[PDB]
Amino acid sequence: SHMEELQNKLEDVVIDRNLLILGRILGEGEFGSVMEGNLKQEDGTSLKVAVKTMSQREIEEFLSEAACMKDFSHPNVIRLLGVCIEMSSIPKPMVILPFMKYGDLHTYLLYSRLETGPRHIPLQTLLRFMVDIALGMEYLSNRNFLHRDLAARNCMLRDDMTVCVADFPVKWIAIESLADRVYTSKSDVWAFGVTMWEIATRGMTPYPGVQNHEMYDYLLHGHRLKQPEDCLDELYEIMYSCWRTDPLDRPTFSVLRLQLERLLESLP
Ligand SMILES: O=C(Nc1ccc(Oc2cc(NC(=O)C3CC3)ncn2)cc1)Nc1ccc(CN2CCn3ccnc3C2)c(C(F)(F)F)c1
């Protein structure tokens, strides 16, 4: 039953706090922090992890959402290893994920334009990053799950250079979502087209010369993100289809993933 499936997911997600050791702080914000850590596994050995730190009803919502995320199983979606709840002199929820030395995709693109960072990224690799994101989003959308914050800063790079969707912004929000609270999978499609543009420009902020407060009017007048300098005509047509006024006219993630795979195969 629906209840039975919920109680099952719930028992699996909690990690005993004594199996975790916390290290140094990697990042900080208003909502919480990211630290490096060690997780003791079933086989007696330890794994390097990333630990994200952040009333009974709010904690219950956190545990419920974490239980759903752990249930996801796809190579292009970040895997949730588990959760811990600490206590202050206010409850402190912690989320445990595998450590990815290359970090977020947005930072990686920027570093590639500098001499000491990763090397220049060729066209074929930029397209492969897009195919990877489309594969992760296709898995999530088929299971009726909404991301709501898709952007290059929320995509992570694995050690084998595979990209996976994760979640640690007016310029990424669909035209219908700015006019009303309305948010569907076709709104994640719009955010995906903007993400493809960030990858193709190697990390540029969307809509140069356009301020956040003048965004809704800009789109209402039919203007969209401009074609990047070295971007193929066929790739621009794919990203432009993500920004069609009527959400029903926009392609699904499954249709996008196939268009992107066919384009990559056609390259020499
Ligand atoms: O990804 C998540 N957390 C996360 C990710 C990376 C991280 O940090 C790191 C860092 C590093 N490495 C480094 O920093 C190296 C360079 C130094 N390695 C690994 N990890 C710390 C935390 N959580 C997450 C939360 C929500 C959702 C989707 N939804 C849930 C329910 N829900 C309900 C309404 N909206 C929603 C949203 C998703 C999903 F994947 F499914 F998209 C994921």
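Numbering (the deposited numbering), first residue to last: 568 to 621, 627 to 661, 664 to 742, 763 to 862. Idealized CB from N, CA, C, for every residue including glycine.
{"Asked": "Three-state secondary structure (DSSP) of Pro647", "Found": "coil"}
{"Asked": "Beta-bridge pairing of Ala617 - partner residues as DSSP gives them", "Found": "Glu603 and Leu671"}
{"Asked": "Where the alpha helix (DSSP H) through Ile832 begins and ends", "Found": "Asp827 to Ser835"}
{"Asked": "Inter-residue Cα distance where the pair is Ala638 and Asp706", "Found": "23 angstroms"}
{"Asked": "Beta-carbon spacing of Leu589, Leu606 below 8 angstroms", "Found": "no"}
{"Asked": "Simplified DSSP assignment, three categories, for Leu720", "Found": "coil"}
{"Asked": "Candidates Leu671, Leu813 and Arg717, of which the one nearest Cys738 by Cα", "Found": "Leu671"}
{"Asked": "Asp782 classed as buried or exposed, judged by whether at least 16 other C-beta atoms fall within 10 angstroms", "Found": "buried"}
{"Asked": "Three or more C-beta pairs below 8 angstroms linking the segment 708-717 and the segment 791-802", "Found": "no"}
{"Asked": "Assigned secondary structure, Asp678 (DSSP; H/G/I helix, E/B strand, else coil)", "Found": "strand"}
{"Asked": "N-terminal and C-terminal residue of the alpha helix (DSSP H) that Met790 is part of", "Found": "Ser779 to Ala794"}
{"Asked": "Member of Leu731, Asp843, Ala768 and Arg727 whose CA lies at the smallest distance from the CA of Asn648", "Found": "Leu731"}
{"Asked": "Cβ distance (whole Å) where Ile769 is taken to contact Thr846 below 8 angstroms", "Found": "With 8 angstroms as the limit, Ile769 and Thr846 do not qualify as a contact, their Cβ atoms being about 18 angstroms apart."}
{"Asked": "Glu658, enclosing beta strand (DSSP E) - first and last residue", "Found": "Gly654 to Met659"}
{"Asked": "The segment 715-734 / the segment 816-833 touching (three or more Cβ pairs under 8 angstroms)", "Found": "no"}
{"Asked": "6 angstroms CB neighbourhood of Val776 in its chain, flanking five on each side removed", "Found": "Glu770"}
{"Asked": "C-beta contact flag for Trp791 and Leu819 at 8 angstroms", "Found": "yes"}
{"Asked": "Any non-hydrogen atom of ligand 2 within 7 angstroms of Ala794 CB", "Found": "Only ligand 1 can be found as ligands here, which leaves ligand 2 out of the picture."}
{"Asked": "Any non-hydrogen atom of ligand 1 closer than 7 angstroms to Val739 Cβ", "Found": "yes"}
{"Asked": "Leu614 versus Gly604, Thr620 and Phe703, residue with shortest Cα-Cα distance", "Found": "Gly604"}
{"Asked": "Contact check, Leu852 vs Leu701, beta carbons under 8 angstroms", "Found": "no"}
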